[PDB]
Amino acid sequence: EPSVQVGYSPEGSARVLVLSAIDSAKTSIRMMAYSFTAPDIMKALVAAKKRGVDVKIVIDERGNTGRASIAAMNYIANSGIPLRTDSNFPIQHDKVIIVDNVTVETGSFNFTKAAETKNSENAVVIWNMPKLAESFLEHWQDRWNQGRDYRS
């Protein structure tokens, strides 16, 4: 049952794989991000919410004050997706998407345009590994718990 997929940037396969993970969510998505700006990623997350998926996101605070960051954060909050900024770490550097409590996307890939089209990056999606995902969930939960709500 468990399997792993990989994609790379600027090749294009990383972006598509990350979108595939979000598009696959039937019940939940717990996301951690540093730079949070890619319009394509935001559109996919809100499409997940519309599907009924329970989406919650915690992102780095200091690295998300740029215009593009604000546009995405506003877009996300306006959709009813619970979102928090976290400044308890010099940098909340994780780029992680936990899907349906059993799948984990991770790697170097930041959720940005530069990450999708310019930089060399790798993104992996580890499917159906419940133990790995619950561990990542504890990591997500700890960061979320000390975050600040960003609402609309």
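Numbering starts at 1 and follows the sequence shown.
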Original post:
Looking only at CA atoms, which has the higher mean B factor in the entry: 63-71 or 48-56?
Top reply: 48-56
Original post:
Mean C-alpha B-factor higher for 104-112, or for 87-95?
Top reply: 87-95
Original post:
C-alpha B factor of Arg15, ranked within the chain: lowest, middle or highest third?
Top reply: middle
**OP:** Just say lowest, middle or highest third for the CA B-factor of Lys26 relative to the other modelled residues in its chain.
**Re:** highest
Subject >> Cα B factor band for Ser120 (lowest, middle or highest third within the chain) >> reply: lowest
Subject >> B-factor third for the C-alpha atom of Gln141 within its chain >> reply: middle
